[PDB]
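Notes for the one structure printed next.
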Amino acid sequence: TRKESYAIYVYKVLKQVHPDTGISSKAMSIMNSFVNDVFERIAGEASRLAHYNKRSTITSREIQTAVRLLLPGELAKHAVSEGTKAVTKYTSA
Amino acid sequence: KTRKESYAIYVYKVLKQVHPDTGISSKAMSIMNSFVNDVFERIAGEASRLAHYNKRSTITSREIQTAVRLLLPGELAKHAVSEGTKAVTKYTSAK
Amino acid sequence: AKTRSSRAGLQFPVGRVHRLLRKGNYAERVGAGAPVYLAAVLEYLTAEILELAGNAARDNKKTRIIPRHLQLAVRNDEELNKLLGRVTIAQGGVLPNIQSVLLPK
Amino acid sequence: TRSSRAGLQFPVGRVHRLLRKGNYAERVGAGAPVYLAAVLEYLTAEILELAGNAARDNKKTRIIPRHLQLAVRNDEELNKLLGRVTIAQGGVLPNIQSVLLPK
Amino acid sequence: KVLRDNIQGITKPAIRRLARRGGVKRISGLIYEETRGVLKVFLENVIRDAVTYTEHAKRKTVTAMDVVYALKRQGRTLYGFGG
Amino acid sequence: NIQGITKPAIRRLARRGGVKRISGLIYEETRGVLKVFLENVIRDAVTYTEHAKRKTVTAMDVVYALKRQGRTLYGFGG
Amino acid sequence: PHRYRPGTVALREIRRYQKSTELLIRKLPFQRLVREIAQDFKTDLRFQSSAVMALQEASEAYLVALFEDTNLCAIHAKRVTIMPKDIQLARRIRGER
Amino acid sequence: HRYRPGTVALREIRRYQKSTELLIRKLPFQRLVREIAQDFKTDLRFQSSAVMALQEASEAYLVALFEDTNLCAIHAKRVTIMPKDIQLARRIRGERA
DNA sequence: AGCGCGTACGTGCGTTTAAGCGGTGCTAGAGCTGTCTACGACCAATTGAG
DNA sequence: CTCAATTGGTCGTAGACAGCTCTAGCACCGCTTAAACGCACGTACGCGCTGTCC
């Protein structure tokens, strides 16, 4: 009943990545779980970072440092490049 | 100047309630302050997640209860539940 | 374009991420760039995983990614394995690995 | 005062303040901070009791981090609660394994 | 209905299969009992947590969600069931 | 620098760890593992420091790094 | 007749199950066990079949990981495989109780 | 006379488990810290307290690692801990991959 | 740690079990929705604990 | 010494909470046969050591 899921978004991604490849229902499920997990971990870390800085307005910078904390360094580097590129585009828009 | 708050006085009061003899070193007092903050963190975090799991807005005493029962060892949780029930009943006996 | 997923150039729902960040009480206020950044990082990670799992599927000669493939991908990449080292994936099983001690000489 | 109203030493007011400011939820019912303060005072009492008893065992007028570490690690439940915690100047428990000692 | 001895539903060949996926070539006949023990303790912990969540929900049904939350609280996050 | 973690210091630690007999190879292993450890901890701490725009790494930065690492330290503020 | 030498089949089996990903414990036994243990905590609890299967997936993956660690403990003096002392050791290294 | 080799070792263990002060020399550790951090950021400063906290965490981590390693050695039935023991230890902890 | 000792547990097989399917019945409480107000947040004015 | 704790009060809505159903989880039979059991058997790898190395 109006259960939100990243199914459509993950589809879109996969159509970027391997449009010829389907995702099984359960595989999709797992990806949904993963996405929610990493969302919660990053957001919670950003929250604690915000607390430590007495900042009540989580900015992109809090997300950036949270990502640098959570992800291993190369994955973190790539995630940072993607995030800053996206924020740049959104800023130009 | 920086008036950094701490639970120091309450830790000393409780020490004197368990041991009127002896004192506590400032180092051990700092460790107790740390421990207090950690347990407060863990419990409030648990209760927060319990609320979200139920979509409930309000962390009630019951959220704290179930959090304590999840977090602490069974005996320690038991006694903590006794203490919290006693304290809430006492508070609700006053106004 | 009207969406914040557009303008960001993202598939992931920037507005949904912003909603969740507000709804999750992670802060009193959530600056508009934070949802975009989080959404993009989400997308990137999903992409990286789906890439590795799709490659595993392909070499499994299967068009549908199944949990087998997700687990294979997540454990074959050391960095994903570090991100997910405590995670259990339903129906993932294990990487095929037999200790050399066990193999016949 | 409210801790009065509840018989607590721990500050019900400041616990309520921290629960509000800590964004743990949209709202924090007035019973919650009383209960949590009581739990935070039963804890702390538990360990300060054990540390004072250890100080008696160690014949000391003041609790020092040694005594807290001893109390925490000797009590199996506190050691379960604090197994992922480390304590400044605590040291470690006496631990020598049977094959290391001489026969 | 009172439930008892269902620990024995962990049949020796089951533990063997698990040891196989685990890469164990040869298994001491003692392991099977200790393995039942460890499994019991683990299930005890996860079930206790899931039950506590159901109690907070006032729900009489243990749901998959409650087990998932228990495992995440245990630090053993499980994907595939929600949460 | 790294060799500043002297052989006697490592002996003392392993003795606190209850080690009766030590292979000399343990010293370089200990140095390597301690280096890795510090690396991770300091990287997290600096990452808080960088976020705080500070140049001074504070005790709180170290505490928060350890709290992340699952190494929660009492003694310097929670 | 024909007989595989000792552990030949065991290796073939390991290869097999590391290829596959199904549940290795038979379901209904597990479900009954779960019900039993929960009954000790609280009578009259209904278990979503999914919730059961989740407990089973967790239990299996956990025990498989434990067996992995245990078999790693085999290593010294080219000692082979696993004994309860190994289990106990691995668990304590984890810091499990 | 001569103390049979290994008899002072237990005595030292008894001392150093009695003692609780830090066992690495403060300045050499501090300098190792400053070096490692320089690799991540230039012109860094450390609070003395922050350095002591790092040293506390590092030492207590190392003590627990040595404990676990010792247990591995005993499982090897070895009195002498070895690099392979540390490797097995961390591996079971899942620190090293 | 080489090599001896030896009996543990692997491979086999034959029998027994009950897991699984699945087909079928039942029902209770999961979850939905609708009504009320107890409650916590905000507030101004107040106090003294840290 | 002072500003964080405190109070009585209003607001309005969170969630109590009561009803309502029909999801799906309860039992249940019952046939099939994969898997469990148990037994035989044996050989290989868990036990042992004193050779020997520092």
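Naming scheme: A, B, ... for chains in displayed order of the structure tokens; residues 1 onward per chain; ligands 1 onward as shown.
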
inquiry  = Could you work out which residues of chain C fall inside 10 Å of chain H? Count only C-alpha atoms, and format the result as a list in words.
reply    = residues 78, 79, 81, 82, 85 and 86 of chain C

Please produce, as a Markdown table, a per-residue contact table for chain C versus chain G (criterion: any atom at most 9 Å away, only C-alpha atoms considered), showing the nearest atom pair and its distance in Å to one decimal, sorted by chain then residue number.
| residue | atom | partner | partner_atom | distance |
| --- | --- | --- | --- | --- |
| C:67 | CA | G:21 | CA | 8.7 |
| C:68 | CA | G:21 | CA | 6.8 |
| C:88 | CA | G:61 | CA | 7.0 |
| C:89 | CA | G:57 | CA | 8.4 |
| C:90 | CA | G:57 | CA | 6.0 |
| C:91 | CA | G:21 | CA | 5.3 |
| C:92 | CA | G:21 | CA | 5.9 |
| C:93 | CA | G:21 | CA | 4.6 |
| C:94 | CA | G:18 | CA | 5.7 |
| C:95 | CA | G:18 | CA | 6.4 |
| C:96 | CA | G:18 | CA | 5.0 |
| C:97 | CA | G:18 | CA | 7.7 |
| C:98 | CA | G:14 | CA | 7.8 |
| C:99 | CA | G:72 | CA | 8.6 |
| C:101 | CA | G:78 | CA | 7.7 |
| C:102 | CA | G:11 | CA | 8.0 |
| C:103 | CA | G:11 | CA | 7.7 |
| C:104 | CA | G:8 | CA | 8.4 |

Pull N, CA, C and O atoms from the residues just selected and write them as a PDB file, in the first residue's frame.
ATOM      1  N   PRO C  67      20.331 -12.382  -6.207  1.00  0.00           N
ATOM      2  CA  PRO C  67      21.167 -12.153  -5.018  1.00  0.00           C
ATOM      3  C   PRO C  67      22.533 -12.818  -5.048  1.00  0.00           C
ATOM      4  O   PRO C  67      23.498 -12.226  -4.554  1.00  0.00           O
ATOM      5  N   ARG C  68      22.645 -14.034  -5.580  1.00  0.00           N
ATOM      6  CA  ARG C  68      23.953 -14.585  -5.916  1.00  0.00           C
ATOM      7  C   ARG C  68      24.895 -13.516  -6.453  1.00  0.00           C
ATOM      8  O   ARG C  68      25.989 -13.305  -5.923  1.00  0.00           O
ATOM      9  N   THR C  88      24.766  -8.957   5.961  1.00  0.00           N
ATOM     10  CA  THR C  88      24.389 -10.257   5.428  1.00  0.00           C
ATOM     11  C   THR C  88      23.402 -10.039   4.293  1.00  0.00           C
ATOM     12  O   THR C  88      22.432  -9.294   4.451  1.00  0.00           O
ATOM     13  N   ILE C  89      23.642 -10.683   3.158  1.00  0.00           N
ATOM     14  CA  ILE C  89      22.719 -10.635   2.032  1.00  0.00           C
ATOM     15  C   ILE C  89      21.981 -11.962   1.971  1.00  0.00           C
ATOM     16  O   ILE C  89      22.578 -13.012   1.708  1.00  0.00           O
ATOM     17  N   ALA C  90      20.675 -11.901   2.200  1.00  0.00           N
ATOM     18  CA  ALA C  90      19.772 -13.013   1.952  1.00  0.00           C
ATOM     19  C   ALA C  90      20.101 -13.727   0.650  1.00  0.00           C
ATOM     20  O   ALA C  90      20.226 -13.100  -0.402  1.00  0.00           O
ATOM     21  N   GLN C  91      20.255 -15.045   0.734  1.00  0.00           N
ATOM     22  CA  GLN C  91      20.491 -15.887  -0.435  1.00  0.00           C
ATOM     23  C   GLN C  91      21.780 -15.536  -1.159  1.00  0.00           C
ATOM     24  O   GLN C  91      21.936 -15.855  -2.339  1.00  0.00           O
ATOM     25  N   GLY C  92      22.720 -14.884  -0.477  1.00  0.00           N
ATOM     26  CA  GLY C  92      23.972 -14.540  -1.121  1.00  0.00           C
ATOM     27  C   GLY C  92      24.937 -15.701  -1.180  1.00  0.00           C
ATOM     28  O   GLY C  92      25.692 -15.832  -2.147  1.00  0.00           O
ATOM     29  N   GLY C  93      24.933 -16.551  -0.161  1.00  0.00           N
ATOM     30  CA  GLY C  93      25.952 -17.570  -0.046  1.00  0.00           C
ATOM     31  C   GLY C  93      27.326 -16.970   0.179  1.00  0.00           C
ATOM     32  O   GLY C  93      27.482 -15.892   0.759  1.00  0.00           O
ATOM     33  N   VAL C  94      28.343 -17.677  -0.310  1.00  0.00           N
ATOM     34  CA  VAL C  94      29.730 -17.293  -0.103  1.00  0.00           C
ATOM     35  C   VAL C  94      30.448 -17.257  -1.443  1.00  0.00           C
ATOM     36  O   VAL C  94      30.005 -17.847  -2.431  1.00  0.00           O
ATOM     37  N   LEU C  95      31.573 -16.555  -1.463  1.00  0.00           N
ATOM     38  CA  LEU C  95      32.500 -16.694  -2.571  1.00  0.00           C
ATOM     39  C   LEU C  95      33.026 -18.127  -2.619  1.00  0.00           C
ATOM     40  O   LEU C  95      33.324 -18.712  -1.571  1.00  0.00           O
ATOM     41  N   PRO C  96      33.157 -18.724  -3.804  1.00  0.00           N
ATOM     42  CA  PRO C  96      33.884 -19.997  -3.893  1.00  0.00           C
ATOM     43  C   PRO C  96      35.338 -19.871  -3.475  1.00  0.00           C
ATOM     44  O   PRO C  96      36.151 -19.275  -4.186  1.00  0.00           O
ATOM     45  N   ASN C  97      35.669 -20.425  -2.313  1.00  0.00           N
ATOM     46  CA  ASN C  97      37.022 -20.340  -1.775  1.00  0.00           C
ATOM     47  C   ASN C  97      37.292 -21.579  -0.938  1.00  0.00           C
ATOM     48  O   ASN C  97      36.642 -21.777   0.092  1.00  0.00           O
ATOM     49  N   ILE C  98      38.239 -22.409  -1.368  1.00  0.00           N
ATOM     50  CA  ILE C  98      38.696 -23.551  -0.585  1.00  0.00           C
ATOM     51  C   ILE C  98      40.136 -23.302  -0.162  1.00  0.00           C
ATOM     52  O   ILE C  98      40.992 -22.988  -0.997  1.00  0.00           O
ATOM     53  N   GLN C  99      40.399 -23.441   1.134  1.00  0.00           N
ATOM     54  CA  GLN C  99      41.750 -23.284   1.652  1.00  0.00           C
ATOM     55  C   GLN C  99      42.696 -24.303   1.028  1.00  0.00           C
ATOM     56  O   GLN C  99      42.385 -25.495   0.955  1.00  0.00           O
ATOM     57  N   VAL C 101      45.271 -25.769   1.959  1.00  0.00           N
ATOM     58  CA  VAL C 101      45.522 -26.913   2.836  1.00  0.00           C
ATOM     59  C   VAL C 101      44.600 -28.071   2.482  1.00  0.00           C
ATOM     60  O   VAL C 101      45.000 -29.241   2.515  1.00  0.00           O
ATOM     61  N   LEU C 102      43.354 -27.764   2.136  1.00  0.00           N
ATOM     62  CA  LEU C 102      42.340 -28.791   1.940  1.00  0.00           C
ATOM     63  C   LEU C 102      42.481 -29.483   0.592  1.00  0.00           C
ATOM     64  O   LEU C 102      42.032 -30.624   0.440  1.00  0.00           O
ATOM     65  N   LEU C 103      43.091 -28.827  -0.387  1.00  0.00           N
ATOM     66  CA  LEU C 103      43.104 -29.372  -1.734  1.00  0.00           C
ATOM     67  C   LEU C 103      44.069 -30.555  -1.807  1.00  0.00           C
ATOM     68  O   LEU C 103      45.116 -30.545  -1.154  1.00  0.00           O
ATOM     69  N   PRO C 104      43.743 -31.587  -2.586  1.00  0.00           N
ATOM     70  CA  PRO C 104      44.666 -32.719  -2.731  1.00  0.00           C
ATOM     71  C   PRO C 104      45.931 -32.335  -3.480  1.00  0.00           C
ATOM     72  O   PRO C 104      45.904 -31.546  -4.427  1.00  0.00           O
TER      73      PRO C 104
END

Q) Once you count only C-alpha atoms (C1' of nucleotides), which residues of chain I turn out to be within 7 Å of chain G? Could you give them as a PyMOL selection string? A) chain I and resi 10-11+19

Find the spatial neighbours of range 38-43 of chain F, counting only C-alpha atoms (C1' of nucleotides), within a cut-off of 7 Å - ignore same-chain residues fewer than 4 positions away - and output them as a PyMOL selection string. (chain F and resi 34+47+65-66) or (chain H and resi 36-37+40)

Writing out the chosen residues with N, CA, C and O atoms as a PDB file, in the first residue's frame:
ATOM      1  N   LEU F  34      50.078  -0.990  14.396  1.00  0.00           N
ATOM      2  CA  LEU F  34      49.846   0.280  15.069  1.00  0.00           C
ATOM      3  C   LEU F  34      49.808   1.431  14.078  1.00  0.00           C
ATOM      4  O   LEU F  34      48.998   2.354  14.217  1.00  0.00           O
ATOM      5  N   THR F  47      39.417  14.402   9.485  1.00  0.00           N
ATOM      6  CA  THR F  47      38.232  14.655   8.682  1.00  0.00           C
ATOM      7  C   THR F  47      37.176  15.404   9.470  1.00  0.00           C
ATOM      8  O   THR F  47      36.453  16.230   8.906  1.00  0.00           O
ATOM      9  N   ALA F  65      36.349  10.016  16.364  1.00  0.00           N
ATOM     10  CA  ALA F  65      36.940   9.018  15.482  1.00  0.00           C
ATOM     11  C   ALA F  65      36.874   7.625  16.086  1.00  0.00           C
ATOM     12  O   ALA F  65      36.506   6.662  15.405  1.00  0.00           O
ATOM     13  N   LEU F  66      37.210   7.496  17.364  1.00  0.00           N
ATOM     14  CA  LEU F  66      37.179   6.182  17.993  1.00  0.00           C
ATOM     15  C   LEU F  66      35.753   5.666  18.129  1.00  0.00           C
ATOM     16  O   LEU F  66      35.488   4.479  17.911  1.00  0.00           O
TER      17      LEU F  66
ATOM     18  N   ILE H  36      52.249  10.893  10.835  1.00  0.00           N
ATOM     19  CA  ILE H  36      51.135  10.279  10.118  1.00  0.00           C
ATOM     20  C   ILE H  36      50.122  11.332   9.686  1.00  0.00           C
ATOM     21  O   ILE H  36      49.603  11.291   8.566  1.00  0.00           O
ATOM     22  N   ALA H  37      49.832  12.292  10.561  1.00  0.00           N
ATOM     23  CA  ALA H  37      48.830  13.304  10.242  1.00  0.00           C
ATOM     24  C   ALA H  37      49.315  14.256   9.158  1.00  0.00           C
ATOM     25  O   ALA H  37      48.545  14.641   8.271  1.00  0.00           O
ATOM     26  N   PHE H  40      48.290  13.510   5.851  1.00  0.00           N
ATOM     27  CA  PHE H  40      46.914  13.830   5.489  1.00  0.00           C
ATOM     28  C   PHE H  40      46.650  15.322   5.411  1.00  0.00           C
ATOM     29  O   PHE H  40      45.840  15.752   4.584  1.00  0.00           O
TER      30      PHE H  40
END

request  = Could you find all residues in range 37-100 of chain C that DSSP calls alpha helix (DSSP H) from the backbone, and write them as a PyMOL selection string?
outcome  = chain C and resi 37-59+67-76+78-83
